[PDB]
Each structure stands twice: as structure tokens, then as C-alpha cells.
$ cat target.pdb   # PDB, C-alpha atoms
ATOM      1  CA  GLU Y1042     -25.045 -20.744  36.062  1.00  0.00           C
ATOM      2  CA  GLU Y1043     -27.790 -18.122  35.539  1.00  0.00           C
ATOM      3  CA  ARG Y1044     -26.102 -15.852  32.988  1.00  0.00           C
ATOM      4  CA  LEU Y1045     -28.734 -16.211  30.256  1.00  0.00           C
ATOM      5  CA  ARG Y1046     -31.654 -14.897  32.321  1.00  0.00           C
ATOM      6  CA  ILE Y1047     -29.595 -11.922  33.513  1.00  0.00           C
ATOM      7  CA  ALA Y1048     -28.603 -11.067  29.945  1.00  0.00           C
ATOM      8  CA  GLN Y1049     -32.172 -11.425  28.656  1.00  0.00           C
ATOM      9  CA  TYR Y1050     -33.709  -9.273  31.395  1.00  0.00           C
ATOM     10  CA  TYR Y1051     -30.961  -6.667  30.977  1.00  0.00           C
ATOM     11  CA  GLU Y1052     -31.542  -6.525  27.211  1.00  0.00           C
ATOM     12  CA  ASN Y1053     -35.281  -6.158  27.850  1.00  0.00           C
ATOM     13  CA  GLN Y1054     -34.496  -2.878  29.658  1.00  0.00           C
ATOM     14  CA  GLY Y1055     -33.673  -1.111  26.372  1.00  0.00           C
ATOM     15  CA  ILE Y1056     -29.864  -1.080  26.658  1.00  0.00           C
ATOM     16  CA  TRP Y1057     -27.701  -3.236  24.403  1.00  0.00           C
ATOM     17  CA  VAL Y1058     -24.093  -2.128  25.016  1.00  0.00           C
ATOM     18  CA  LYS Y1059     -23.341  -3.984  28.272  1.00  0.00           C
ATOM     19  CA  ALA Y1060     -25.767  -6.885  27.793  1.00  0.00           C
ATOM     20  CA  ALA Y1061     -23.924  -7.798  24.585  1.00  0.00           C
ATOM     21  CA  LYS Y1062     -20.696  -8.109  26.580  1.00  0.00           C
ATOM     22  CA  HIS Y1063     -22.583 -10.134  29.196  1.00  0.00           C
ATOM     23  CA  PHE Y1064     -23.675 -12.623  26.521  1.00  0.00           C
ATOM     24  CA  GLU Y1065     -19.938 -13.160  25.987  1.00  0.00           C
ATOM     25  CA  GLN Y1066     -19.483 -14.197  29.641  1.00  0.00           C
ATOM     26  CA  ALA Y1067     -22.518 -16.527  29.424  1.00  0.00           C
ATOM     27  CA  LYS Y1068     -20.489 -19.493  28.097  1.00  0.00           C
ATOM     28  CA  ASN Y1069     -22.233 -18.902  24.758  1.00  0.00           C
ATOM     29  CA  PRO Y1070     -19.587 -18.225  22.089  1.00  0.00           C
ATOM     30  CA  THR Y1071     -22.209 -18.390  19.320  1.00  0.00           C
ATOM     31  CA  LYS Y1072     -24.310 -15.604  20.841  1.00  0.00           C
ATOM     32  CA  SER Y1073     -21.092 -13.758  21.707  1.00  0.00           C
ATOM     33  CA  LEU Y1074     -19.918 -13.624  18.094  1.00  0.00           C
ATOM     34  CA  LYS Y1075     -23.438 -13.022  16.756  1.00  0.00           C
ATOM     35  CA  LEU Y1076     -23.879  -9.900  18.884  1.00  0.00           C
ATOM     36  CA  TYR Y1077     -20.268  -8.770  18.399  1.00  0.00           C
ATOM     37  CA  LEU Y1078     -20.858  -8.754  14.641  1.00  0.00           C
ATOM     38  CA  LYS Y1079     -23.176  -5.753  15.054  1.00  0.00           C
ATOM     39  CA  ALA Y1080     -20.767  -3.951  17.414  1.00  0.00           C
ATOM     40  CA  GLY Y1081     -18.327  -1.210  16.409  1.00  0.00           C
ATOM     41  CA  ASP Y1082     -14.767  -1.309  15.132  1.00  0.00           C
ATOM     42  CA  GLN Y1083     -13.288  -0.391  18.522  1.00  0.00           C
ATOM     43  CA  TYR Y1084     -14.860  -3.505  20.082  1.00  0.00           C
ATOM     44  CA  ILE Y1085     -13.070  -5.813  17.611  1.00  0.00           C
ATOM     45  CA  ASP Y1086     -10.001  -6.011  19.868  1.00  0.00           C
ATOM     46  CA  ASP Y1087     -12.157  -7.501  22.625  1.00  0.00           C
ATOM     47  CA  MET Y1088     -13.440 -10.181  20.247  1.00  0.00           C
ATOM     48  CA  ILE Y1089      -9.805 -10.966  19.441  1.00  0.00           C
ATOM     49  CA  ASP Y1090      -9.361 -11.632  23.156  1.00  0.00           C
ATOM     50  CA  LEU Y1091     -12.357 -13.955  22.835  1.00  0.00           C
ATOM     51  CA  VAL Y1092     -10.434 -15.700  20.048  1.00  0.00           C
ATOM     52  CA  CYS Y1093      -7.703 -16.208  22.644  1.00  0.00           C
ATOM     53  CA  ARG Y1094     -10.359 -17.528  25.065  1.00  0.00           C
ATOM     54  CA  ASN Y1095     -12.559 -19.631  22.730  1.00  0.00           C
ATOM     55  CA  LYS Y1096     -10.299 -21.406  20.237  1.00  0.00           C
ATOM     56  CA  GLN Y1097     -12.802 -24.248  19.746  1.00  0.00           C
ATOM     57  CA  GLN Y1098     -14.984 -22.153  17.439  1.00  0.00           C
ATOM     58  CA  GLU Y1099     -13.802 -21.041  14.006  1.00  0.00           C
ATOM     59  CA  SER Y1100     -16.868 -19.160  12.722  1.00  0.00           C
ATOM     60  CA  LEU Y1101     -16.189 -16.079  14.869  1.00  0.00           C
ATOM     61  CA  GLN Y1102     -12.861 -15.196  13.221  1.00  0.00           C
ATOM     62  CA  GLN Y1103     -14.151 -16.003   9.727  1.00  0.00           C
ATOM     63  CA  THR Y1104     -17.297 -13.906  10.107  1.00  0.00           C
ATOM     64  CA  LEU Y1105     -15.424 -11.016  11.750  1.00  0.00           C
ATOM     65  CA  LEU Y1106     -13.071 -11.071   8.758  1.00  0.00           C
ATOM     66  CA  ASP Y1107     -16.049 -11.178   6.382  1.00  0.00           C
ATOM     67  CA  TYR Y1108     -17.726  -8.202   8.060  1.00  0.00           C
ATOM     68  CA  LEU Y1109     -14.494  -6.186   8.130  1.00  0.00           C
ATOM     69  CA  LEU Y1110     -13.659  -6.902   4.471  1.00  0.00           C
ATOM     70  CA  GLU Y1111     -16.417  -4.646   3.097  1.00  0.00           C
ATOM     71  CA  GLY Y1112     -16.649  -2.368   6.137  1.00  0.00           C
ATOM     72  CA  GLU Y1113     -16.707   1.265   4.935  1.00  0.00           C
ATOM     73  CA  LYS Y1114     -13.502   2.344   3.083  1.00  0.00           C
ATOM     74  CA  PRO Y1115      -9.937   1.062   3.708  1.00  0.00           C
ATOM     75  CA  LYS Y1116      -8.744   1.739   7.247  1.00  0.00           C
ATOM     76  CA  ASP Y1117      -5.478   1.586   9.195  1.00  0.00           C
ATOM     77  CA  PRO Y1118      -3.910  -1.660   7.891  1.00  0.00           C
ATOM     78  CA  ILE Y1119      -1.821  -2.421  10.988  1.00  0.00           C
ATOM     79  CA  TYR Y1120      -4.921  -3.168  13.081  1.00  0.00           C
ATOM     80  CA  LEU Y1121      -6.158  -5.815  10.642  1.00  0.00           C
ATOM     81  CA  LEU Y1122      -2.611  -7.140  10.286  1.00  0.00           C
ATOM     82  CA  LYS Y1123      -2.091  -7.546  14.039  1.00  0.00           C
ATOM     83  CA  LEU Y1124      -5.466  -9.226  14.496  1.00  0.00           C
ATOM     84  CA  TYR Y1125      -4.674 -11.665  11.665  1.00  0.00           C
ATOM     85  CA  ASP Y1126      -1.271 -12.248  13.287  1.00  0.00           C
ATOM     86  CA  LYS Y1127      -3.036 -13.120  16.539  1.00  0.00           C
ATOM     87  CA  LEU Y1128      -5.203 -15.437  14.423  1.00  0.00           C
ATOM     88  CA  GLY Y1129      -2.036 -17.061  13.081  1.00  0.00           C
ATOM     89  CA  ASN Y1130      -1.769 -16.500   9.315  1.00  0.00           C
ATOM     90  CA  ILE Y1131       1.212 -14.547   7.973  1.00  0.00           C
ATOM     91  CA  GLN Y1132       0.894 -15.018   4.189  1.00  0.00           C
ATOM     92  CA  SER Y1133      -2.196 -12.808   4.043  1.00  0.00           C
ATOM     93  CA  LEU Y1134      -0.296 -10.420   6.319  1.00  0.00           C
ATOM     94  CA  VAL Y1135       2.506 -10.093   3.771  1.00  0.00           C
ATOM     95  CA  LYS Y1136       0.004  -9.745   0.923  1.00  0.00           C
ATOM     96  CA  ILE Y1137      -2.063  -6.984   2.553  1.00  0.00           C
ATOM     97  CA  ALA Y1138       1.013  -5.164   3.866  1.00  0.00           C
ATOM     98  CA  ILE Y1139       2.601  -5.222   0.404  1.00  0.00           C
ATOM     99  CA  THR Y1140      -0.625  -3.905  -1.132  1.00  0.00           C
ATOM    100  CA  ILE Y1141      -0.893  -0.999   1.320  1.00  0.00           C
ATOM    101  CA  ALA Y1142       2.829  -0.224   1.075  1.00  0.00           C
ATOM    102  CA  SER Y1143       2.575  -0.169  -2.725  1.00  0.00           C
ATOM    103  CA  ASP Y1144      -0.390   2.201  -2.469  1.00  0.00           C
ATOM    104  CA  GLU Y1145       1.640   4.518  -0.225  1.00  0.00           C
ATOM    105  CA  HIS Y1146       4.692   4.231  -2.506  1.00  0.00           C
ATOM    106  CA  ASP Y1147       2.563   5.232  -5.499  1.00  0.00           C
ATOM    107  CA  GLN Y1148       1.106   8.099  -3.446  1.00  0.00           C
ATOM    108  CA  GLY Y1149       4.677   9.305  -2.815  1.00  0.00           C
ATOM    109  CA  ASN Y1150       4.889   8.505   0.921  1.00  0.00           C
ATOM    110  CA  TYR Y1151       8.110   6.517   0.689  1.00  0.00           C
ATOM    111  CA  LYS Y1152       8.870   6.841   4.416  1.00  0.00           C
ATOM    112  CA  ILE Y1153       5.532   5.365   5.521  1.00  0.00           C
ATOM    113  CA  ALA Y1154       5.785   2.530   2.992  1.00  0.00           C
ATOM    114  CA  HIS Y1155       9.342   1.761   4.114  1.00  0.00           C
ATOM    115  CA  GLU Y1156       8.300   1.743   7.777  1.00  0.00           C
ATOM    116  CA  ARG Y1157       5.361  -0.582   7.102  1.00  0.00           C
ATOM    117  CA  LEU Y1158       7.503  -2.927   4.996  1.00  0.00           C
ATOM    118  CA  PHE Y1159      10.139  -3.010   7.750  1.00  0.00           C
ATOM    119  CA  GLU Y1160       7.471  -3.785  10.356  1.00  0.00           C
ATOM    120  CA  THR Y1161       6.105  -6.610   8.199  1.00  0.00           C
ATOM    121  CA  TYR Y1162       9.638  -7.930   7.633  1.00  0.00           C
ATOM    122  CA  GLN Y1163      10.310  -7.965  11.381  1.00  0.00           C
ATOM    123  CA  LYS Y1164       6.972  -9.669  12.076  1.00  0.00           C
ATOM    124  CA  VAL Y1165       7.756 -12.360   9.491  1.00  0.00           C
ATOM    125  CA  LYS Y1166      11.231 -12.800  10.992  1.00  0.00           C
ATOM    126  CA  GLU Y1167       9.731 -13.287  14.462  1.00  0.00           C
ATOM    127  CA  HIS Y1168       7.476 -16.074  13.156  1.00  0.00           C
ATOM    128  CA  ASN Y1169      10.451 -17.904  11.550  1.00  0.00           C
ATOM    129  CA  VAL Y1170       8.826 -17.997   8.103  1.00  0.00           C
ATOM    130  CA  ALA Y1171      10.907 -17.518   4.956  1.00  0.00           C
ATOM    131  CA  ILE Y1172      10.706 -13.879   3.855  1.00  0.00           C
ATOM    132  CA  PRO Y1173       8.816 -13.462   0.551  1.00  0.00           C
ATOM    133  CA  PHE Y1174      10.973 -12.240  -2.322  1.00  0.00           C
ATOM    134  CA  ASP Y1175       8.612  -9.415  -3.311  1.00  0.00           C
ATOM    135  CA  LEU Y1176       8.583  -7.941   0.205  1.00  0.00           C
ATOM    136  CA  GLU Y1177      12.382  -7.966   0.452  1.00  0.00           C
ATOM    137  CA  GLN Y1178      12.796  -6.547  -3.062  1.00  0.00           C
ATOM    138  CA  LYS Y1179      10.373  -3.669  -2.457  1.00  0.00           C
ATOM    139  CA  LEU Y1180      11.938  -2.900   0.926  1.00  0.00           C
ATOM    140  CA  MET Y1181      15.421  -2.938  -0.619  1.00  0.00           C
ATOM    141  CA  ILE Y1182      14.369  -0.624  -3.457  1.00  0.00           C
ATOM    142  CA  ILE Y1183      12.713   1.898  -1.131  1.00  0.00           C
ATOM    143  CA  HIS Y1184      15.625   1.770   1.326  1.00  0.00           C
ATOM    144  CA  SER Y1185      18.070   2.313  -1.544  1.00  0.00           C
ATOM    145  CA  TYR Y1186      16.079   5.345  -2.696  1.00  0.00           C
ATOM    146  CA  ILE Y1187      16.057   6.754   0.849  1.00  0.00           C
ATOM    147  CA  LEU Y1188      19.805   6.162   1.205  1.00  0.00           C
ATOM    148  CA  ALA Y1189      20.438   7.828  -2.159  1.00  0.00           C
ATOM    149  CA  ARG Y1190      18.429  10.869  -1.062  1.00  0.00           C
ATOM    150  CA  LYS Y1191      20.306  11.019   2.253  1.00  0.00           C
ATOM    151  CA  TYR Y1192      23.698  10.777   0.531  1.00  0.00           C
ATOM    152  CA  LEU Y1193      22.655  13.464  -1.960  1.00  0.00           C
ATOM    153  CA  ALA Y1194      21.796  15.637   1.048  1.00  0.00           C
ATOM    154  CA  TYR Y1195      25.413  15.303   2.229  1.00  0.00           C
TER     155      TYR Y1195
END
$ encode --input "target.pdb" --output "C-alpha cells"
Amino acid sequence: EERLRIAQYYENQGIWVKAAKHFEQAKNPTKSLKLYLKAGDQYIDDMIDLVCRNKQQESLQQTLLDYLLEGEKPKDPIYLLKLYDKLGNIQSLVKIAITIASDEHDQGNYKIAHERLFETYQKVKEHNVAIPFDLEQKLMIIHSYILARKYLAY
């Protein structure tokens, strides 16, 4: 009942790492997302838990996505993909995964691209959504190249 005063007086003490998390437990999703916007990348997972806890609001996920779109340079795709999957949209998952896998394929890392495409294929299969043709075609081509290399090794 008295969360807001505790959070305010704790923020007035000069610290802002634990008071920001307290604003989350203050039954104030707006303040929660507003302060979590300025937090780090490692804290994002916790906000995803908040998405599991406060499904009424829709601005938190949108603004987290907006802040992470232009955040620094491209990062580990699987983190963004799993957080979008927890959000519940798989088409953007396939799109981003295909983009990153194509980048790796052009860089020459066929194994990493194949692994990421297989992971995306399995994730799509779990959600019972029809597998996009481009994803399957790229996975088949890379798998065929890997099999050809393995058979040439024999």
C-alpha cells in the first residue's frame, strides 16, 4: 500500500539501481517501463517477466522494441528472437532469423547459419505455424552443402 513513498525516499538517497526495481513492484507498470527503458541490456529479461505479469499494457513491449532497434550495433539475435517469441509474434522471428543467417552464410559461417535456421525451424514447428518457404529452402541448401562436404570427406 505504501510502495510509492518507499521508492521515492530510496531514490532520494542517490541510488537508482534497486529503487527502479522497486517501482516495478509498486503496482505502477507505467513507471516500471519508463525506468526500465533507461536500464541496461541484461535487465531486459526481467522486463520480459513483467510482460508475463502485466499483459494489460502494450506500450512496454513496443517501447522496449523501439529502444533495442537502434541500440548500439547488432547483437546476439537469439536473445531478441526469444523475447519476441515470449511476446507472441513468429513472422518477425522468421524474418530476423533469416536475415542473420544470410549474413552468416555470406560471411562463410555455414555451420552457425545452419544451426540458427534449424533452431528457427523447430521454434516455428512448436508454434504450429506453416513453415515459410524461404526458411526451408535456405536450410535445405545449407544442409545439402554440409552433406556434400561430409560425403566428400569420406
$ resolve_selection --input "target.pdb" --expression "the PyMOL selection byres ((chain Y and resi 1165) around 12)" --output "list in words"
residues 1122, 1123, 1126, 1129, 1130, 1131, 1132, 1133, 1134, 1135, 1136, 1138, 1158, 1159, 1160, 1161, 1162, 1163, 1164, 1166, 1167, 1168, 1169, 1170, 1171, 1172, 1173, 1176 and 1177 of chain Y
$ residues_near_point --input "target.pdb" --point "(5.3, 6.1, 2.9)" --cutoff "12 Å" --atoms "all atoms listed in the file" --output "compact mmCIF listing (two decimals) with C-alpha atoms, in the frame of the given file"
# COMPACT_ATOMS: atom_id res chain seq x y z
CA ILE Y 1139 2.60 -5.22 0.40
CA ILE Y 1141 -0.89 -1.00 1.32
CA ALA Y 1142 2.83 -0.22 1.08
CA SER Y 1143 2.58 -0.17 -2.72
CA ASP Y 1144 -0.39 2.20 -2.47
CA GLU Y 1145 1.64 4.52 -0.22
CA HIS Y 1146 4.69 4.23 -2.51
CA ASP Y 1147 2.56 5.23 -5.50
CA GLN Y 1148 1.11 8.10 -3.45
CA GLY Y 1149 4.68 9.30 -2.82
CA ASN Y 1150 4.89 8.51 0.92
CA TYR Y 1151 8.11 6.52 0.69
CA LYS Y 1152 8.87 6.84 4.42
CA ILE Y 1153 5.53 5.36 5.52
CA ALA Y 1154 5.78 2.53 2.99
CA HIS Y 1155 9.34 1.76 4.11
CA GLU Y 1156 8.30 1.74 7.78
CA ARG Y 1157 5.36 -0.58 7.10
CA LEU Y 1158 7.50 -2.93 5.00
CA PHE Y 1159 10.14 -3.01 7.75
CA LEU Y 1180 11.94 -2.90 0.93
CA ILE Y 1183 12.71 1.90 -1.13
CA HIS Y 1184 15.62 1.77 1.33
CA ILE Y 1187 16.06 6.75 0.85
$ resolve_selection --input "target.pdb" --expression "the PyMOL selection byres ((chain Y and resi 1105-1107) around 9)" --output "number ranges by chain"
Y: 1074, 1077-1078, 1085, 1088, 1100-1104, 1108-1112, 1121, 1125
$ closest_residue --input "target.pdb" --among "Y:1071, Y:1055, Y:1175, Y:1087" --to "residue 1099 (chain Y)" --atoms "all atoms listed in the file"
Y:1071
$ closest_residue --input "target.pdb" --among "Y:1080, Y:1137, Y:1188, Y:1124" --to "residue 1059 (chain Y)" --atoms "only C-alpha atoms"
Y:1080
$ axis_aligned_box --input "target.pdb" --around "region 1074-1093 of chain Y" --padding-each-side "3 Å" --output "AutoDock Vina command-line options"
--center_x -15.8 --center_y -8.3 --center_z 18.9 --size_x 22.2 --size_y 21.8 --size_z 14.5
$ atom_distance --input "target.pdb" --atom1 "CA of residue 1127 (chain Y)" --atom2 "CA of residue 1181 (chain Y)"
27.2 Å
$ atom_distance --input "target.pdb" --atom1 "CA of residue 1086 (chain Y)" --atom2 "CA of residue 1098 (chain Y)"
17.1 Å
$ closest_residue --input "target.pdb" --among "Y:1140, Y:1042, Y:1186, Y:1178" --to "residue 1068 (chain Y)" --atoms "only C-alpha atoms"
Y:1042
$ atom_distance --input "target.pdb" --atom1 "CA of residue 1043 (chain Y)" --atom2 "CA of residue 1067 (chain Y)"
8.2 Å
$ resolve_selection --input "target.pdb" --expression "the PyMOL selection byres ((chain Y and resi 1044) around 12)" --output "PyMOL selection string"
chain Y and resi 1042-1043+1045-1051+1060-1069
